[PDB]
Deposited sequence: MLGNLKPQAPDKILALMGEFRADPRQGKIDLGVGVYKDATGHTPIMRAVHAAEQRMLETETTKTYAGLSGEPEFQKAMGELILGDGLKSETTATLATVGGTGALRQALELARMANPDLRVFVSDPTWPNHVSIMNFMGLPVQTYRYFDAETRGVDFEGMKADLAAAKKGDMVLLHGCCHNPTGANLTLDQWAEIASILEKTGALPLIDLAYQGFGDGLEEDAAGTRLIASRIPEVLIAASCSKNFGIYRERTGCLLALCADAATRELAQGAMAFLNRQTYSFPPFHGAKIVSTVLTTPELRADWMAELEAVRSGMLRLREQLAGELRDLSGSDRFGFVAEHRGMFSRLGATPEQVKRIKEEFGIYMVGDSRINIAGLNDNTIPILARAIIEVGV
């Protein structure tokens, strides 16, 4: 029967096929340092050395994840707003597993839900939704010309969200646009959600890559304080640099202790029916780092150095661009926050840059500024200006 299956990356091969020295791969989705490497964070390495020395068994652990991991992540994300008596926590297989589990959880509570996503959004969001058969709706977000947020459009579309519907919001560092909401915009969003009774699903995958650990969780913390029920899918892949360990977390904020129990039970059940227990290693690294003072101090230091480094890089790009353009048209570059940025260029311009200058971006013109370099910056700027973006 397997022959009845339908035929369920290409750019990479195409990139590999390019013989031209000077190939620039800006389409990468992971952090990269000056020498094109994704290192293991000092604290993470120290945590693994410590773990190998203190673990005396690998027997089955907790179905919903370890309490130390659940608490540490709850505090990292919610800070002082962590109301554990009404918060259910589920350790998942990365942030993607968190989002998946979120969708299943919400669907169990509402077989008739629709999901609102930003235009554009992380493609893996929609593929999972389609695969689940969930109705997907979009809301305006990225303003093509100003390369910022189209907040008026966003307010217009979200206002139509119905009770029980879900609104997927990126907590910070919007993937792929790079354009983000301000605390004032976040507050207005909370008003809309409150009026509509739409459940918010916050995708927090880049806490620490925008303005700082605490600053990047501001919008999330605000939504959590205004709305009684909210779901938050967090990933430790990027900010802890443990992409392959598959460490993530799903948090369900409930109106009371009773609902918290329902949610927690259904969340654990969801894990049990999908793969039983969640992977221990990556989560153990995270809680060790977070609960050990000298380790957290160093993880913060390193993460801040990464963050500051990226800002420095995109400020140079903005400058280089401004000089060659004689205007601050590309100012948005230094204003965007995160690892990615959409240049707002057309598919035509994108391929023209690839074939003529050897710069590889994602079709929608998404570039990973971490993949840049002070030597690469001038070349990229020339390409943009020359191709007439």
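Taking the first deposited residue as 1, the sole stretch without any C-alpha atom is 9-13.
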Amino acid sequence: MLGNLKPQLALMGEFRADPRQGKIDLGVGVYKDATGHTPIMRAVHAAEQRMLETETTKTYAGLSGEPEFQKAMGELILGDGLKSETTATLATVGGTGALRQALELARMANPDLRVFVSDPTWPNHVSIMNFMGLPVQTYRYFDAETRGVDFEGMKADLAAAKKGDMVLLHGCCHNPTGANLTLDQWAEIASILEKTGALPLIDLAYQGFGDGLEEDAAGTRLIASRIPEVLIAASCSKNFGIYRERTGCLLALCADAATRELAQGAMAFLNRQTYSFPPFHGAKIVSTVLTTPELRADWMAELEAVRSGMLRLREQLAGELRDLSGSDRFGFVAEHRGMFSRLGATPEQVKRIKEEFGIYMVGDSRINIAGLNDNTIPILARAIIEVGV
From here on, numbers count along this sequence of modelled residues.
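Each form is matched to the other, and the largest set of C-alpha atoms that superpose within 1.5 Å is called the rigid core.
When the other structures are laid on the shown form by the rigid core, the stretch among 66-74 and 347-355 with the greater C-alpha deviation in 8 other deposited structures of this protein turns out to be 347-355. Averaged as a root mean square over residues and superposed structures in 8 other deposited structures of this protein, CA distances to the shown form are larger in 25-33; the pair compared was 42-50 and 25-33 with a core fit. Across the other entries compared, none leave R366 without coordinates where the residues on each side are present, so it is far from a third. Across the other PDB entries of this protein whose models span the neighbouring residues, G13 is modelled without exception, so it is unmodelled in far fewer than a third. Just going by the entry, 113-121 versus 263-271 on mean CA temperature factor gives the higher value to 113-121. When 69-77 is weighed against 190-198, 190-198 comes out higher, by mean CA B-factor as recorded in the entry. Ranked within its chain, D33 lands in the middle third, by CA B factor from the PDB record. Among the modelled residues of its chain, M51 has a C-alpha B-factor that falls in the middle third according to the deposited record. Ranked within its chain, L324 lands in the highest third, by CA B factor from the PDB record. Annotation for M361: C-alpha temperature factor in the highest third relative to the rest of the modelled chain, per the entry. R337: CA B factor in the middle third of modelled residues in this chain (values from the PDB entry).
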